Protein chains: 6
Amino acid sequence: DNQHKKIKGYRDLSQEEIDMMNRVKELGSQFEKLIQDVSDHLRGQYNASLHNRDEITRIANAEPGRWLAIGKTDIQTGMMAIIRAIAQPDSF
Amino acid sequence: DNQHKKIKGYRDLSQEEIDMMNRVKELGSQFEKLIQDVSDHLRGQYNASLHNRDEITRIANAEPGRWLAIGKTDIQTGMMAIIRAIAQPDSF
Amino acid sequence: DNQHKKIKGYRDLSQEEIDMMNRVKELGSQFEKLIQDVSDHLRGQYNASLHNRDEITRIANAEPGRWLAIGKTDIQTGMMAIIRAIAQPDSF
Amino acid sequence: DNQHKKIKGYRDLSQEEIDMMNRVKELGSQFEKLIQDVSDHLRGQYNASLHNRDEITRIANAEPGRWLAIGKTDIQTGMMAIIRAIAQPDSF
Amino acid sequence: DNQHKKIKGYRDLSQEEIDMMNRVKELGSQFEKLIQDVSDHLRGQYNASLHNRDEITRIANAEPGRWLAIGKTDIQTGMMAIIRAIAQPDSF
Amino acid sequence: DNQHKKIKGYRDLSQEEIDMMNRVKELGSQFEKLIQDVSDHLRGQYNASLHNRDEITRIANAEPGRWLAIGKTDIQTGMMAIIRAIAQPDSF
């Protein structure tokens, strides 16, 4: 019901702008797949390293799950900024 | 000359870790291409809008070049965090 | 022309969600006004301090224009995250 | 007991600077109220959606609690940067 | 086995670059020690304040563990950016 | 004139809290010195590479000045978060 026109900052977008935005989102989905793969790798690494207290300590000290989460958040906020550069909402 | 072994935090990487890291970097290159395309679009948009003072003001108020730069920086730091989740340097 | 339905991640929003989003944007406009006021203050401070080389050096060393810009960027990305928490796009 | 003078970077502030800082903090309190309201909305949304496995999955996939937390953190660090632009501590 | 040469973006580093990078990492270790000390202080503060419901509420409202974690993450990503300024990988 | 008591969020600090805060600031000054040294190195690198168009292009493509600035900003906001974990202002 044209909900977007009810939200402050709405701007009419061309097809080229919509296509660029969807390009961002589809490259983002490839990053989501990569991040899932890394997370699976981390889980297998943690598993295979069970009862290797030195290697469990190494993994805990490198904090890879935390770094993967930081990376996911940066990728997602970067996508939002790029999409904002295309959409150009009039609002602050 | 094994320069990396001279840097604190070095860890020996498997081929699978190296391949995951290179995957991150190659998806990142696709984002670099996308960002270049958006930047070209912004330049053409600024050009075609010359002597449309209302539209030059609109563009200045949306600050799209700034948002594209914020997005590039987030994409790049996200790539670094994901690569760190794979590499797992022992150092803080 | 229902442009939003053409963008991946679209979700139908209730009036309450739209109102919460607009609330975010209107509080954000109050922050934009505050930031403008601080920027005006910084310009007057720089002016009144002209030919006070110790105070021009103090201002340059505190880098207040840079800190105001960092704050504006954090306020704006925070608004985007809050709006995303309301809108809940299905996409990564 | 003038504790602040014991902290490196102290600068004497005018009443106008103190008032601008307090303005930042009071606008921030309005954002805190907004964030509380959004969080309450998210909790009610999760409740009303109980035993709607498709909608519980949708909510889990949008990660709204995480996005609200990211937004709160950006709002708070933005406030700190703006206040730093006013206070202008001499320290790095 | 020259693993780094297998990673896209490799550049040959001089001894001065390696030394600057290690300097960053060693200053970072001093920050890690400081952060550990602050965390110990927070734990003792929480302990000594047990059954002081007003002070437990004060601590919960200031969220110091969260702020310490935000600071650790900023210190670590800052170290990565500085090291990147020295290393200068050719890759995006 | 007890200016800090006029700012919302004031809390009375112990000597141990003030000392921890000053420790943060003094480690930060060591990072400021390191960043200055890296910046000097970058300037000498740019100089010695004058009229080596391939190496000027390499430097421009690595964007080391930008990465050093990102690192400085992360170090400084990390210091602010750590200090906030010690100071514990009552305010949002």
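The rules behind these values
Residues numbered from 1 in each chain as written, not as in the entry; some residues may be left out. Chains lettered and ligands numbered in written order. Heavy atoms only, no water. Contact = heavy atoms within 4.5 Å. Salt bridge = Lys/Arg side-chain N within 4 Å of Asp/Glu carboxyl O. Polar contact = N/O pair within 3.5 Å; in protein donor to acceptor, adjacent residues only side chain to side chain. Helix = DSSP H or I, 4+ residues; strand = E, 2+ residues; numbered from the N terminus. UniProt positions renumbered as here; feature names shortened; annotations may be inferred. Buried < 20%, exposed > 50% of the residue type's maximum accessible area, 1.4 Å probe, protein only. Least-squares fit on C-alpha atoms. Buried area = accessible area lost by both parts, 1.4 Å probe. Arc of directions from axis to C-beta.

As deposited, the entry is annotated with X-ray crystallography as its determination method and 2.10 Å as its resolution.

If you check the PDB entry, chain A appears there as p26 from Pseudomonas phage PaP2. The record for the entry shows the title "Structure of Acb2 complexed with cAAG".

A few words on the interface of chain C and chain A. Listed by partner, the interface residues are 28 residues for chain C and 28 residues for chain A. Our count for the chain C to chain A interface comes out at zero salt bridges. Taken together, the links from chain C to chain A amount to 14 residue pairs in polar contact. Of all the secondary structure elements, the ones that give two or more residues to the side of chain C that touches chain A are α1 (15-48) and α3 (64-87) of chain C. Of all the elements, α1 of chain C adds the most residues to the side of chain C that touches chain A, at eight residues.

Look at the UniProt record and you will see "binding site: 2',3'-cGAMP" (unreviewed entry) annotated at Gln3, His4, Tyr10, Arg11, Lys25 and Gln88 of chain A. Among the secondary structure elements, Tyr10 of chain A is positioned in the segment before α1 (15-48). Aside from chain neighbours lying at most four places away, what touches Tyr10 of chain A is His4 and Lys5 of chain A together with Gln3 and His4 of chain C. One polar contact links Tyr10 of chain A to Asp12 of chain A, side chain to side chain, over a distance of 3.2 Å. Along the chain, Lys25 of chain A falls in helix α1. On the basis of relative accessible area, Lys25 of chain A is assigned to the buried category, the value being 13%.

For the pair chain B and chain A, the superposition axis carries a translation of 0.0 Å, the fit reaches an RMSD of 0.0 Å, and the rotation angle comes to 180 degrees. Read as a symmetry element, the transformation amounts to a two-fold axis. Both copies share a contact surface, since 100% of the interface residues of chain B are interface residues in chain A too.

The subject of this paragraph is the interface of chain B and chain A. On the side of chain A, 38 residues touch chain B, which itself brings 38 residues to the contact. Carbon and sulfur atoms make up 68% of the area that chain B and chain A hide from each other, which totals about 3300 Å². Taken together, the connections running from chain B to chain A amount to two salt bridges. Between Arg23 of chain A and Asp37 of chain B there is a salt bridge, and its shortest N-O distance comes to 3.0 Å. Linking chain B with chain A are 10 residue pairs in polar contact. At the level of secondary structure, the elements contributing two or more residues to the side of chain B that touches chain A comprise α1 (15-48), α2 (53-62) and α3 (64-87) of chain B. Among the elements that make up the side of chain B that touches chain A, the one with the highest residue count is α1 of chain B (17 residues).

This part covers helix α2 (residues 53-62) of chain F. All names here are of chain F. Along α2, the residues classified as buried are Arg58, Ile59 and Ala62. Each buried residue of α2 lies within a common arc of 95 degrees when the element is viewed along its axis, so the set occupies one face. Opposite the packed face of α2, turned more than 90 degrees from it, sit the exposed residues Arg53, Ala60 and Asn61. In the core, the buried residues of α2 are packed alongside α1 (15-48) and α3 (64-87). One or two positions beyond α2, positive phi appears at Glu63, with a value near 50 degrees.

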